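Enquirer: this one's experimental. Sequence and coordinates below.
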Amino acid sequence: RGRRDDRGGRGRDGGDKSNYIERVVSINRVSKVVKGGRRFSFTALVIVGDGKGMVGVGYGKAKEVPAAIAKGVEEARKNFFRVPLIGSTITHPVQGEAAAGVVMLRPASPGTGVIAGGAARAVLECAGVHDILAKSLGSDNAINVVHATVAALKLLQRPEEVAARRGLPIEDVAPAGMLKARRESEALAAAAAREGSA
Amino acid sequence: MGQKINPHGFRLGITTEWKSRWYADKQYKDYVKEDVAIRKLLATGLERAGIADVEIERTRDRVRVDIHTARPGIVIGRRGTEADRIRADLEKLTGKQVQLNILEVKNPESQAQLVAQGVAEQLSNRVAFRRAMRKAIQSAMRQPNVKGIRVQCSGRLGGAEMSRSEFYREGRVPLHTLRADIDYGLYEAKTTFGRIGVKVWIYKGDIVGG
Amino acid sequence: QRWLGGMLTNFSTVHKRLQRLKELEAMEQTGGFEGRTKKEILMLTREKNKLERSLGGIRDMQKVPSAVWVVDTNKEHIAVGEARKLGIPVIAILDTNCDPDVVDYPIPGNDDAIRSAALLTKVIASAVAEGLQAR
RNA sequence: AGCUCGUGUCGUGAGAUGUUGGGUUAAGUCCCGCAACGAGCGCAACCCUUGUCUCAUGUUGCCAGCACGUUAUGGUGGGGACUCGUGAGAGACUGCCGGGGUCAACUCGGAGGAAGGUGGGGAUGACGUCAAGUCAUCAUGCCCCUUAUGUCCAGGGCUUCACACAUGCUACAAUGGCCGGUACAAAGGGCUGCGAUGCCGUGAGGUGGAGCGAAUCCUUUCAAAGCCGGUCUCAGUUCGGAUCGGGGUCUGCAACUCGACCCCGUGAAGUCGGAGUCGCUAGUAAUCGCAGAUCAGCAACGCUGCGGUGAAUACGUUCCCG
RNA sequence: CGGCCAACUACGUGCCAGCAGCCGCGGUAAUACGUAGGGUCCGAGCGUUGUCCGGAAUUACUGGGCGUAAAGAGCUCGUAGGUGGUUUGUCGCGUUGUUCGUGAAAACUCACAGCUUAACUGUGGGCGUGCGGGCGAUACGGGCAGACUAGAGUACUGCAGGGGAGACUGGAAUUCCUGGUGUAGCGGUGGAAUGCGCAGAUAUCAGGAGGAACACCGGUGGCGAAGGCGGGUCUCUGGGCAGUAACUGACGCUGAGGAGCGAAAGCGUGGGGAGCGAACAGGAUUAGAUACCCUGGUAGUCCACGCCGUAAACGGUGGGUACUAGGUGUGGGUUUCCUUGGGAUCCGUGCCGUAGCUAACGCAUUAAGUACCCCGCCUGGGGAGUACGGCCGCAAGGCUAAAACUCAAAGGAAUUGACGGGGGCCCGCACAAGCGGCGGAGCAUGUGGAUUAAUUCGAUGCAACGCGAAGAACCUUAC
């Protein structure tokens, strides 16, 4: 990924809507032996997302690096994924496993900061979280820890969803501090939203 | 390795015309010598200018030197000042008198020689070579009407020690078909690390037009 | 005739075969047969022959449909997995050996009998015509 | 005869699939299937030459029917009839019939036809390999020389020779040698070039210049092997020509080191060749001359082409090689 | 101021001199060595070395594993131990609630005050995760006292079986023996030769000896805890399964050490010794065979009595228990229905298959799935299952089991290729069928080598060597 700063007198750079947040995690040239030598190709693990908390995971195969990055962008574009939150935190401590990828995603009080390793830091920095506390146990990789983090975010659910599963009136599903954090986060959603209307 | 014959020399009987045209018995070696020194004399300032084709028709010892380029305005500066200087030096180097016709190609991105010009002159200018190859292409495919597009760049690419050849294309470029109308142009970039020889194949169409 | 793999998920490639089929039939109403070499004419006879005999419905489709009706979820598994993958609801016939969890709106029954299967085709085809009448 | 790619699907991933299966092909040629559907570079086709005919076609080319030659022949008035020369066009497509084919591709036979199934041969080298070759064709990055590693000339060398390899040529003879008579080519080459009749030589050649920038003139009307005849009688020879001596001619300022050719003599090895190994499947192999480029001359037995005469064998994939 | 890891250019040496935490940088164009500019990070400091915690979920209580990656004892029985179905009562030992006492000060944490600020110091809380006393609770664990029948075991009726041991015996075949019949070969091999023969072999017939192994049934089949077990019959004995529910009433599970069983080879003493056969000869093959192949051949293989204790003792999967879609074979037994056919059931053993699981292959009601109980075991590769020491053993050896040192890996599964003296299907003057040659002779050209003042320079498997040269007397021409 070099020589991107450019000014063209051509038709268009085609800049348009959906200015999302896009992170390229790792690139390892992938070789293939054929008759008389090696054929080098490229893999780019592409994370895309918006600051609401919708995450994509794309996996680009091409024999050029920006081609593989662009194919990962289109593949994560094809496949988004909804993550439920509280304010800008996570709901409750989970462990995700993608066959060797263990990631523990635990919430924290706000202000602490996204503390995670670089793959999980990528998937969570694209997402709508600002203050959680994760760790990547096992598998020491990028692909399995990204995919394990997304499986960990599939083990998430709303407080309300849990209440619904059990047919119980909330209050009765959460404890009270987390309901107060719901009041804080929806209150600042009201403040920034009504400042957004004017 | 790739033992690929120059396709403008592989279809020079069938589709592509000769560049130089006369008849000569016992005057032929002299006409060859004048043809060579004329093309060396039209190498430098016209390769600054954007030269593509240098045809020399030759009637009863006058001469007619015709050049197809991509900017009438650098070849013809002030009228007669830039034209009649190289024209007059062609009149003095040859022992003859020169009728220099200068004409523009309707699309510079259509000619394979001029694509090799713009690519190699970008590649001497420290740009990214894969970015350069992509730039020349795509835009060329649409420009006028091309079917083939082969850009091979060998040499010290990016200043590296290994001489890596690259091979990008789009569409149909059949070399073994003789009704191909393929334009071919190889021009050689001059970096400080060395020379990056650029080959460009451009397949315009199936049309014989016999 | 034969379920081509990747009709629904890959529509952007198999639509090009359709426009080439339109250019073939529009050059069949043209009448250029003798001006070309007959190896190319017999070759286009093979292209129109196979491409018309195997592709008849997407000739009318154009439009990445909202529903799919499936006979024999077992044998036509490719269509049911592709139809599930886009989010398109599946309406099917289900024998004793078909997994009903892949089909959202089933109609259970034997598929081996032409009377029963063909009658259920009459059911849902009359249903679609009943949709067309009030529209 | 393969090498890939796009988009879809499969897989955590490298990747796969497509491109595998059934049949078919000179061929990933082509059909039928199949989570693939398509494309691209190859293969084929387009181009040149060879094989048949049609139309056009008349000099420098042909000469039948005409006329005139006599010595020498199309040599000459003439003629488009035959060639031939070069332009356009037809013609081979499994197109037509029989059988196998899954009623698909394709294969076995037959007819017509100059030609039958990619008719013959070319030109045409995919993605890449081998750090293959070339900084001496050229161009060139960097390093080195700049009082020499530049440059000018004479002489020498690149041709030396106890050897060893490699590709060729002439042979070892009677399907042959030598003398005499005689018949048939194709293509080419030519300006300070190709150079005829005639004369002088034994012969390289000398003297001379006809005539041609060449379907015309010259390379003789072109060949050699072929055919008819005579002689040689199986031998180190009328085989074989190396070597060496004498005597010349031509080219060039100059043939000593180092040119070719001719004449006279000289007359060696060599009796079909160990282990092995190479080429070739039809106008091929084998053998026979001819021309060309480079070139003042030639180390040309080389290279590139042209034609002449012209075979044997292929049961078949076990074995060696790719 | 390569990468991690904020920060790059030139000059100088070109596998040297040096660098480096690991990966790794130096073979005349190093952003990795040395010097320079320049940048970055810190700052009265900044680097190095050592020692500890961290990252290391890498000794995993919180928080790991054991089919193939390190890792399931060869298999059982059982001592301590750990663990415990249903239910009534009681105790208050575990557990829990509360209050009292205590946990010195300092530190630590929160607030505040004081020193120009801060470090620092002080005041007041909290912390002091604990322990002892009093009072309360009784679900769960436990103790005691009882009750129950589903687990466990017993009785009864059957049933299947190479389960084991002892004893007696059967035939086919191999070898030798005596006797016929009868002649020059037999045997053996890719091809042969040592070898047995011509003194009567091999061949065939009759009889005799003796030993071992059990054709056919017999296989993806039965039984055993695992090793393992197949001629027959008899005698003694072990386990399993089903059915009824008659009895006992939790007597269960596992099991550190421990005892027992445990293929083959091997060991001791005494028998036996046909076939096969290590070692050991000769023969052959081969460069050479201390090998394969051949001919002979001793211990051994066999039995009696003991040792030994090991195996790819492998399902590479410790034992127990409950649950979790199915489909189809076959083994043992009960019953409802058609009336042997299906159904249902309990126990067994295979093949395919969801969910789920796994690194992947795979597993998948006979789990590698979901959970509980107990045991074994693993902690990078070598060094090494080795030394030292002890224990057992007649010995061979087994068991238990390190360190220095060294490496930056050693591994598992799958992928793309190449490769195979792997398989299949194909082709090419690839072989076969022919014809003509080369290799021996003379010369012509080119190369090697040696010469030389100079023998200019290039091109050395196929794809260099009548090749750059389509013309070396001078020129060419580089020497």
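Expert: Sure, I can see it. Residues are numbered from 1 along each chain as shown, chains lettered A, B, ... in the order given.

Enquirer: distance of the residue nearest to the spatial centre of chain A from residue A:20?
Expert: Centroid-nearest residue in chain A: residue A:123, 3.1 Å away (criterion: Cα atoms, centre = their mean). Distance of residue A:123 to residue A:20, computed by Cβ to Cβ, to the nearest Å: 14 Å. C-beta coordinates here come from the backbone N, C-alpha and C atoms, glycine included.

Enquirer: give me the common contacts of those two.
Expert: residue A:49 (Cβ atoms under 8 Å, 6 or more residues apart in numbering or on different chains).

Enquirer: for the most centrally placed residue in chain B, helix, strand, or coil?
Expert: Most central in chain B under Cα atoms, centre = their mean is residue B:113, positioned 3.3 Å from the mean C-alpha point. Following DSSP: H, G, I helix; E, B strand; the rest coil, residue B:113 is assigned to helix.

Enquirer: show me the contacts for it.
Expert: B:52, B:53, B:183, B:185, B:187, B:200.

Enquirer: picking that back up, and the residue nearest to the centre of chain A, what element?
Expert: helix A:118-126 (DSSP states H and E).

Enquirer: same question, residue A:95
Expert: Going by DSSP H and E, residue A:95 is part of strand A:94-98.

Enquirer: can you check what angle separates that strand from helix A:118-126?
Expert: Interaxial angle, strand A:94-98 versus helix A:118-126 (axes from the mean of the first three to the mean of the last three Cα atoms, to 10 degrees): 120 degrees.

Enquirer: pull the residues that contact strand A:94-98.
Expert: A:102-106, A:144, A:147-156.

Enquirer: again, only this time at 7 Å
Expert: Here strand A:94-98 makes contact (Cβ atoms under 7 Å, 6 or more residues apart in numbering or on different chains) with A:102, A:103, A:104, A:105, A:144, A:147, A:148, A:149, A:151, A:152, A:155, A:156.

Enquirer: please apply the same query to stretch A:118-136.
Expert: Counting by Cβ under 7 Å, 6+ apart, A:21, A:23, A:25, A:47-49, A:51-53, A:55, A:83, A:85, A:88-90, A:103-108, A:110-117, A:142, A:145-146, A:149-150 sit against stretch A:118-136.

Enquirer: from the chain's centroid, how far away is stretch B:193-204?
Expert: Centroid separation for stretch B:193-204 versus its chain: 11 Å, with Cα atoms, centre = their mean, to the nearest Å.

Enquirer: find the centremost residue of chain C, please.
Expert: Centroid-nearest residue in chain C, with Cα atoms, centre = their mean: residue C:57, separated by 4.8 Å.

Enquirer: what about it, distance to residue C:63?
Expert: Distance from residue C:57 to residue C:63, by Cβ to Cβ: 12 Å.

Enquirer: so where's the longest helix in chain A?
Expert: helix A:176-197 (DSSP state H).

Enquirer: contacts only, for residue B:143.
Expert: B:107, B:109, B:110.

Enquirer: quick check: the first one touching residue B:144?
Expert: The one in question is residue B:107. Yes: counting by Cβ atoms under 7 Å, residue B:144 is a contact partner of residue B:107 at 4.6 Å.

Enquirer: tell me how many other residues crowd residue A:137.
Expert: Counted with other Cβ atoms under 10 Å in any protein chain shown, the neighbours of residue A:137 add up to 15.

Enquirer: any idea what it is bridged to?
Expert: Beta-bridge partners recorded for residue A:137 (DSSP bridges): residue A:102.

Enquirer: contacts only, for the closest residue to residue A:156 other than its chain neighbours.
Expert: The shortest distance from residue A:156 to any residue other than its chain neighbours is 5.2 Å, reached at residue A:84 (Cβ to Cβ, 6 or more residues apart in numbering or on different chains). For residue A:84, the contact set (Cβ under 7 Å, 6+ apart) comprises A:91, A:156, A:157, A:158.

Enquirer: distance from the centroid: which residue in the chain tops it?
Expert: No chain was given, so I picked chain A. Here, in chain A (Cα atoms, centre = their mean), the farthest residue from the centre turns out to be residue A:36, at 41.1 Å.

Enquirer: my bad, the chain I had in mind was chain C
Expert: residue C:35 (35.0 Å).

Enquirer: from RNA strand D, how far out is it?
Expert: Here the criterion is Cβ to the nearest atom of the strand, to the nearest Å. By it, residue C:35 lies 13 Å from RNA strand D.
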